[PDB]
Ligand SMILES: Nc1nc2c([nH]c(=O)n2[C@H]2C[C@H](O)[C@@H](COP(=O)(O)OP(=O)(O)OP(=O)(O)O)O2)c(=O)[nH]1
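In structure tokens, one chain follows: the form deposited without the named molecule.
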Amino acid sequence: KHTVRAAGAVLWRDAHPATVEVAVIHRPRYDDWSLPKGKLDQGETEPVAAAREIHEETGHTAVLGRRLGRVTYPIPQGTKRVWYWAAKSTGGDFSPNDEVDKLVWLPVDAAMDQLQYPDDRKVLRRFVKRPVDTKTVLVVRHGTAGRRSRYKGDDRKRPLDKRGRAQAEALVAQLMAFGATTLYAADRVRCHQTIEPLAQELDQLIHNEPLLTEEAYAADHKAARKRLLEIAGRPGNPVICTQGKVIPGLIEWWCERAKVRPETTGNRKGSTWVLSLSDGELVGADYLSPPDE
């Protein structure tokens, strides 16, 4: 591949003179003030790399929220692409070392003045444009599950294929990066199976959702919209695994109603839409590729 994948973050905490402060880090390797970031390690996806890099470079545990864009650079083979997220510090302490020897917590205008690079300042401008104390709803399309059957009951029970099972396993860490706590799935085997590894990891039962199947959609294009909103209103960060036809419409409906612009779009099997909410309203809709893409 000619693409080097990387991720970074604006790590923030609720503090004054600021209600939010962000971490700016000094890197001895380049004598610069920047944001935590790094290339993906083997088997990672971007959100996991972001969480890992936050902990490596700041000492802090964090939960990811809204995606904050991507920066690309030319490399000799091709292109290096860095995706960024807002991330709330949940614990830990900074300790200097030879990779990051200083960290400062600053209100966003002071952090803007501290950052050496226009790409990092751009990411910080994105951060400030919308709230970051967000609740997260994770809408997931089931993993690959072969071709459809002519018999409806058979089709509805179709399990994941080998690739889909690998996707389901790879989703665990990805979705945990966002602090997933509760699990819901359309009334189809493949939808439950996709999030069963996560259910195992969390020890959390998957709530079954007949209103979120295509069958239910074909009867009432919205009873489902209402169910997603009802799930979104519960405490905690839910994962909702559903079918392909249901997703674009739900996402487009919500983005239209809330005036939100997704930066990327897709509906691949095993993909994730990260929906960020601020006082019950959508402020971000971030499409993540399937973990093996």
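Numbers for residues come from their place in the sequence shown, where the first is 1. Residues that one form lacks are left out of the comparison. For clarity, a rigid core is taken as the largest C-alpha set superposing within 1.5 Å between two forms.
Although it is not shown, the form deposited with the named molecule bound is what the next lines describe.
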Q: Spot the stretch among 173-181, 88-96, 112-120, 126-134 with residues whose non-hydrogen atoms come within 4.5 Å of the named molecule in the deposited bound form.
A: 112-120
(Q) If the cut-off is 4.5 angstroms on heavy atoms, which of these, 263, 230, 256, 32, is the one near the named molecule in the deposited bound form? (A) 32
**Q.** Touches the named molecule in the deposited bound form: residue 165 (any heavy atom, 4.5 Å)
**A.** no
(Q) residue 69 versus the named molecule, in the deposited bound form: is there a non-hydrogen atom within 4.5 Å? (A) no
Q: Answer for residue 27 alone: is it within 4.5 Å of the named molecule in the deposited bound form, judged on heavy atom distances?
A: yes
Q: Indicate whether residue 60 is a 4.5 Å heavy atom neighbour of the named molecule in the deposited bound form.
A: no
Q: Residue by residue through 35-72, tell me which have a non-hydrogen atom within 4.5 angstroms of the named molecule in the deposited bound form.
A: 37, 38, 39, 57
**Q.** C-alpha displacement of 2 Å or more between the shown form and the other one on the rigid core, among 80, 88, 121, 163
**A.** 80
Q: State yes or no: after fitting on the rigid core, is the Cα displacement of residue 152 between the shown form and the other one at least 2 Å?
A: yes
**Q.** Closer or farther: C-alpha pair residue 195/residue 152 in the deposited bound form, relative to this form, given a change of 3 Å or more
**A.** farther
(Q) Having a change of 3 Å or more in the C-alpha distance between residue 198 and residue 152, I'd like to know whether it is closer or farther in the deposited bound form than in the form here. (A) farther
Q | Moved runs of 3+ residues, each with a C-alpha displacement of 2 angstroms or more between the shown form and the other one on the rigid core | A | 1-3, 73-80, 150-154
